[PDB]
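Right, one structure below, let's go through it.
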Amino acid sequence: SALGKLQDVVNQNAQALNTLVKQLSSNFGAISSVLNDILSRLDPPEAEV
Amino acid sequence: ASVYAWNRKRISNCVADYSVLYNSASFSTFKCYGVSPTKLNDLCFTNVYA
C-alpha cells in the first residue's frame, strides 16, 4: 500500500464504471430493464412510454 | 367452470399458435396487459396458465 494514491484513483474509476454498467441494468420504474423485451411485449405506441 | 371455482389448466411443453385467437375476431374483448395485443405475443413462455 505504498502506492495507495494511484490505487485509490484507479479503484474510484473502476467503481464509477462498474456503477454505470450496473445502472444500465435498471428497471427505472418501467416493466423490465431490457428494451428488446419491451419492444416484443408491447405494440410500438405503448412501448414508446 | 363457475366463477368461484375458476378452473386452471397448465399449458406445458407444446408449441402454440396464438394467431388463430387474434384472427378469429369473434372474441368480444381481447385486451392484453403486459404482453402485446398486436399479435406479437408469440414469445417463449416458461409457464402458460389458462
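If you're wondering about the labels, chains in the C-alpha cells are A, B, ... by order shown, residues count from 1 in each chain, ligands from 1 in order shown.
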Test item: chain B residues at most 10 Å from chain A, counting only C-alpha atoms, as a PyMOL selection string: chain B and resi 32-43
Within 12 Å of residue 16 (chain B), counting only C-alpha atoms, which residues qualify if same-chain residues fewer than 4 places away don't, as number ranges by chain? B: 11-12, 20-21, 41-45, 48
Take the residues from that selection and write them out as a PDB file, in the first residue's frame, keeping N, CA and C atoms.
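Result saved to part11.pdb:
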ATOM      1  N   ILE B  11     -50.586 -25.090 -19.574  1.00  0.00           N
ATOM      2  CA  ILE B  11     -50.126 -25.294 -20.939  1.00  0.00           C
ATOM      3  C   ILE B  11     -48.613 -25.483 -20.885  1.00  0.00           C
ATOM      4  N   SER B  12     -48.158 -26.726 -21.048  1.00  0.00           N
ATOM      5  CA  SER B  12     -46.746 -27.060 -20.914  1.00  0.00           C
ATOM      6  C   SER B  12     -46.244 -27.911 -22.074  1.00  0.00           C
ATOM      7  N   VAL B  20     -54.407 -17.838 -34.322  1.00  0.00           N
ATOM      8  CA  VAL B  20     -55.811 -18.201 -34.550  1.00  0.00           C
ATOM      9  C   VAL B  20     -56.726 -17.394 -33.636  1.00  0.00           C
ATOM     10  N   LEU B  21     -56.262 -17.106 -32.418  1.00  0.00           N
ATOM     11  CA  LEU B  21     -57.027 -16.319 -31.465  1.00  0.00           C
ATOM     12  C   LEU B  21     -57.192 -14.896 -31.982  1.00  0.00           C
ATOM     13  N   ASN B  41     -47.612 -11.548 -29.266  1.00  0.00           N
ATOM     14  CA  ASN B  41     -47.490 -12.416 -28.078  1.00  0.00           C
ATOM     15  C   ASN B  41     -46.805 -13.777 -28.357  1.00  0.00           C
ATOM     16  N   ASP B  42     -46.248 -14.003 -29.546  1.00  0.00           N
ATOM     17  CA  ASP B  42     -45.609 -15.265 -29.913  1.00  0.00           C
ATOM     18  C   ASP B  42     -44.162 -15.280 -29.410  1.00  0.00           C
ATOM     19  N   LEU B  43     -44.030 -15.399 -28.088  1.00  0.00           N
ATOM     20  CA  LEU B  43     -42.747 -15.407 -27.398  1.00  0.00           C
ATOM     21  C   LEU B  43     -42.605 -16.672 -26.558  1.00  0.00           C
ATOM     22  N   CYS B  44     -41.362 -16.980 -26.185  1.00  0.00           N
ATOM     23  CA  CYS B  44     -41.079 -18.145 -25.350  1.00  0.00           C
ATOM     24  C   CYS B  44     -41.515 -17.905 -23.906  1.00  0.00           C
ATOM     25  N   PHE B  45     -42.460 -18.716 -23.431  1.00  0.00           N
ATOM     26  CA  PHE B  45     -43.018 -18.621 -22.086  1.00  0.00           C
ATOM     27  C   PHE B  45     -42.699 -19.886 -21.298  1.00  0.00           C
ATOM     28  N   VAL B  48     -47.550 -21.217 -19.006  1.00  0.00           N
ATOM     29  CA  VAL B  48     -48.757 -20.618 -19.540  1.00  0.00           C
ATOM     30  C   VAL B  48     -49.910 -21.194 -18.741  1.00  0.00           C
TER      31      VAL B  48
END
Find the residues around residue 50 (chain B) up to 9 Å (only C-alpha atoms counted), leave out those fewer than 4 positions away in its own chain, and share them as a list in words.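 Within the cut-off, the hits are residues 7, 8, 9, 10 and 11 of chain B.
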Find the distance between CA of residue 34 (chain A) and CA of residue 21 (chain A) and write it in Å to one decimal.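 Separation of CA of residue 34 (chain A) and CA of residue 21 (chain A): 13.2 Å.
With CA of residue 27 (chain A) on one side and CA of residue 46 (chain B) on the other, the separation reads 21.3 Å.
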As a list in words, list the residues of chain B assigned to alpha helix (DSSP H) by DSSP on the backbone atoms of this structure.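 The alpha helix (DSSP H) residues within chain B come out as residues 19, 20, 21, 22, 23 and 24 of chain B.
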Can I get the selected residues back with C-alpha atoms, as an mmCIF file, in the first residue's frame?
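Full text of selection23.cif as output:
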data_model
loop_
_atom_site.group_PDB
_atom_site.id
_atom_site.type_symbol
_atom_site.label_atom_id
_atom_site.label_comp_id
_atom_site.auth_asym_id
_atom_site.auth_seq_id
_atom_site.Cartn_x
_atom_site.Cartn_y
_atom_site.Cartn_z
ATOM 1 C CA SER B 19 -52.561 -16.179 -34.250
ATOM 2 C CA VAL B 20 -55.811 -18.201 -34.550
ATOM 3 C CA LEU B 21 -57.027 -16.319 -31.465
ATOM 4 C CA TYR B 22 -56.088 -12.950 -32.983
ATOM 5 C CA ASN B 23 -57.535 -13.605 -36.454
ATOM 6 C CA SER B 24 -60.704 -15.347 -35.210
#
Enumerate, as a compact mmCIF listing (two decimals) with N, CA and C atoms, in the first residue's frame, the complete set of residues in chain B that a backbone-based DSSP assignment places in strand (DSSP E or B).
# COMPACT_ATOMS: atom_id res chain seq x y z
N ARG B 10 -52.67 -26.07 -17.07
CA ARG B 10 -51.29 -25.69 -17.35
C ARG B 10 -50.93 -26.08 -18.77
N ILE B 11 -50.59 -25.09 -19.57
CA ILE B 11 -50.13 -25.29 -20.94
C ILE B 11 -48.61 -25.48 -20.88
N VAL B 48 -47.55 -21.22 -19.01
CA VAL B 48 -48.76 -20.62 -19.54
C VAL B 48 -49.91 -21.19 -18.74
N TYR B 49 -50.73 -20.32 -18.18
CA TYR B 49 -51.83 -20.69 -17.31
C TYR B 49 -53.12 -20.16 -17.89
